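Okay, so here's the structure we're looking at.
As a convention, Cβ positions derive from the backbone with ideal geometry for all residues, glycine included, and neighbour counts pool all protein chains shown. Here, each number is a calculation from the coordinates, and none is a lab measurement.
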Amino acid sequence: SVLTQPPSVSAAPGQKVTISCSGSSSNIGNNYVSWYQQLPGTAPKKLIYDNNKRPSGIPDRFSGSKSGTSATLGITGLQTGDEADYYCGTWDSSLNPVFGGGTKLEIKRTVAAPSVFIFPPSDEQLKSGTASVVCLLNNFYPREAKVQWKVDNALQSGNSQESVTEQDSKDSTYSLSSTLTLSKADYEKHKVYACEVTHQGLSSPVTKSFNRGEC
Amino acid sequence: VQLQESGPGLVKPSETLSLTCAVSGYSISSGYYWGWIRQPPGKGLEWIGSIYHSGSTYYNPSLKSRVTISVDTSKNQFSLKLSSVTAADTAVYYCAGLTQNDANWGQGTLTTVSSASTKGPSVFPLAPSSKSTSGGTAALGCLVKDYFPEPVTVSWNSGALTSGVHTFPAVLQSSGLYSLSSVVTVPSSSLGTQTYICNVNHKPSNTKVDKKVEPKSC
């Protein structure tokens, strides 16, 4: 990670983005610049080689240019499948491979309200002596979301962990999973377990809850 | 032409990481070069080393004292040795090669360097019910809990089910163990009839679990 790229870039479907790559004299200045696309969970795939050239398979929506110690990747006609990390690459003064830090592409779309689901702990986990409560926020945009756990109307803090998927390949939305974990003993000292969700697409906070023992 | 790294695993501090890359559909002596590139979690790409047509090798200067890259012509594979590892060597390692213009990449293998030990996951259902029902759509999933190290792979109905599937990034719990959830949204009418199984594979512990997810009685 020697070359400099912007942390992220964003535009709407059908629009155009450009990702710059800033190096110096010894690398980008003297040598050819390559570009890669890395979809989440996959190996990097080359889009551009020798500053400007596309290998077979790569659509002409992708293009590249080089000017001094700076290179640029261009993506025209954005599609929802274009969400990925994009790296620039070249050779250093010793002709060894060097890469940029990467750039996250985010497709800008219309605001989407999250679907909220909640999952009581399973009997199998209960038998082991633990209770994990899961709250699902499905297919929303933008990314920001507030999830608050309430146990008998007591707000939980530092008691839960969440993670967010990468932007969906179809509708460019996000999903969020929050897990609240209690000991079996503590789980059986309370009745109402609730998940409270705040999002831009929600006129008011949505709450999903269950009582211990009804499932 | 396909490249395939050895499966994901765990390496203790200060021992020697060993990886192999099986080349398929191409003789290994007919390539320009073969090499390794690693990528730390959430970070960019780092070149490790390459071995060339003649056998001449070039290594990353900051790693050169610990790196050995060799080629097994008979097995048609090439290797990577990295000794005296620390937690800073935790990364997805890719093998790559140029054959005859873009190189051929392996799919990558996550190597974790930690003084913690290997543990297979427990798989609990995220059972569907009225609580996970929104209109005509119902949500269900699997909770893959208490494993180490990463990664795990989750598929639904042996890959037959892919639409509406969301597998979330794992989280590191305070116990030092990972926990992961994988969900899918299906028609509410299917809950009674259609069978839903999440296929879980934790290669570092050689743990595989096929877990049926049945509706909850609320």
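Condition check ((1) within 14 Å of chain A (Cβ to nearest Cβ); (2) polar (S, T, N, Q); (3) assigned to a strand (DSSP E or B)) across all residues:
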| position | (1), (2), (3) |
| --- | --- |
| B:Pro61 | yes, no, no |
| B:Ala96 | yes, no, yes |
| B:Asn101 | yes, yes, no |
| B:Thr112 | no, yes, yes |
| B:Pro125 | yes, no, yes |
| B:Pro128 | yes, no, no |
| B:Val144 | yes, no, yes |
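Among residues of the range B:106-129 that are closer than 30 Å to B:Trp34 by Cα, those with a beta-carbon under 7 Å from a residue that is polar (S, T, N, Q) and surrounded by fewer than 18 Cβ atoms within 10 Å (Cβ to Cβ) at least six positions away or on a different chain give the pairs B:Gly106/B:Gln4; B:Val113/B:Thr86. Between A:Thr80, A:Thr18, the distinction of being away from chain B (no Cβ under 13 Å), surrounded by 14 or more Cβ atoms within 10 Å (Cβ to Cβ), among the hydroxyl-bearing types (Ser, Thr, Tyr) and closer than 30 Å to A:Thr198 by Cα belongs to A:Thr80 only. Annotation note: of A:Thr103, A:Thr130, A:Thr110, the sole residue that is more than 17 Å from A:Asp186 (Cβ to Cβ) and either surrounded by 15 or more Cβ atoms within 10 Å (Cβ to Cβ) or among the acidic types (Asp, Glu) (or both) is A:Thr103. Within 22 Å of the chain's Cα centre (by Cα), part of a strand (DSSP E or B), more than 10 Å from chain B (Cβ to nearest Cβ) and not acidic (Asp, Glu): does that describe A:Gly64? No: the conditions fail for A:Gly64.
In the range B:1-59, what residues are assigned to a strand (DSSP E or B) and among the polar types (S, T, N, Q)? Scanning the range B:1-59 gives B:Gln2, B:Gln4, B:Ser18, B:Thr20, B:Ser24, B:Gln39, B:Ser50, B:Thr57. Scanning the range A:168-206 for residues that are within 12 Å of another protein chain (Cβ to nearest Cβ), in contact with a strand residue (DSSP E or B) (Cβ under 6 Å, 6 or more places away or on another chain) and not aliphatic (A, V, I, L, M) turns up A:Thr173, A:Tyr174, A:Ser175, A:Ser177, A:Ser178, A:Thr179, A:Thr181, A:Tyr193, A:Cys195.
Scanning the range B:137-195 for residues that are of a type in the set (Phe, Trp, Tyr) and under 21 Å from B:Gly9 (Cβ atoms) turns up B:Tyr147, B:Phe148, B:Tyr178. Selection over the range A:83-98 of residues that are among the hydroxyl-bearing types (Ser, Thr, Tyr) and part of a strand (DSSP E or B) gives a count of 3.
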